[PDB]
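The form deposited in one PDB entry is given below as one chain in structure tokens.
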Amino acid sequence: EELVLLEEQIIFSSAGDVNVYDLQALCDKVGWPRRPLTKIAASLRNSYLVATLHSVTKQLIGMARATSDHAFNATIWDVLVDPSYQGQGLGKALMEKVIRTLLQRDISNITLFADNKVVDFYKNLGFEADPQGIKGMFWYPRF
């Protein structure tokens, strides 16, 4: 559940205790538009998994979460690493521990939706786009 990955030491956790203001700040640094904090809070309590990287010298520096039906499917959302800490393998390690936690829970199929600029990053983790022509689709997206 709580594990040191690096040594300042970077700690992984799947406790899911994220302060919504800390997450907002982290989303600001990576240039994300703000979303209502009560909604962020709702999304955290109702995610199947909330996985965090913290920097204790505790500062939140990464997050990934997933939705799931606890059986067949889990979809990963909102993966981000503090840009001051990128390039050090911390995103790659966050995702690995997320995938492994979901496999540990026997979830048959792990899914995500990837921006074009970050598709190769997911390929290198074992994700595969449009398997056998399956298409990811959104309802009237505004991106």
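Note that residue numbering follows the sequence shown and begins at 1.
The discussion below concerns the form deposited with a small molecule bound, not included here.
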### Task
Look up in the bound PDB entry whether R45 has a non-hydrogen atom within 4.5 angstroms of the small molecule, and give yes or no.
no
#### Entry: 4.5 Å heavy atom contact, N19 and the small molecule in the bound PDB entry
no
### Query
Would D120 count as a contact of the small molecule in the bound PDB entry, using a 4.5 angstroms cut-off between non-hydrogen atoms?
yes
### Query
Might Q88 be said to contact the small molecule in the bound PDB entry, defining contact as any heavy atom within 4.5 Å?
yes
### Message
Between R34, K92, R100, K58, only one gets a heavy atom within 4.5 angstroms of the small molecule in the bound PDB entry; which residue is that?
### Response
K92
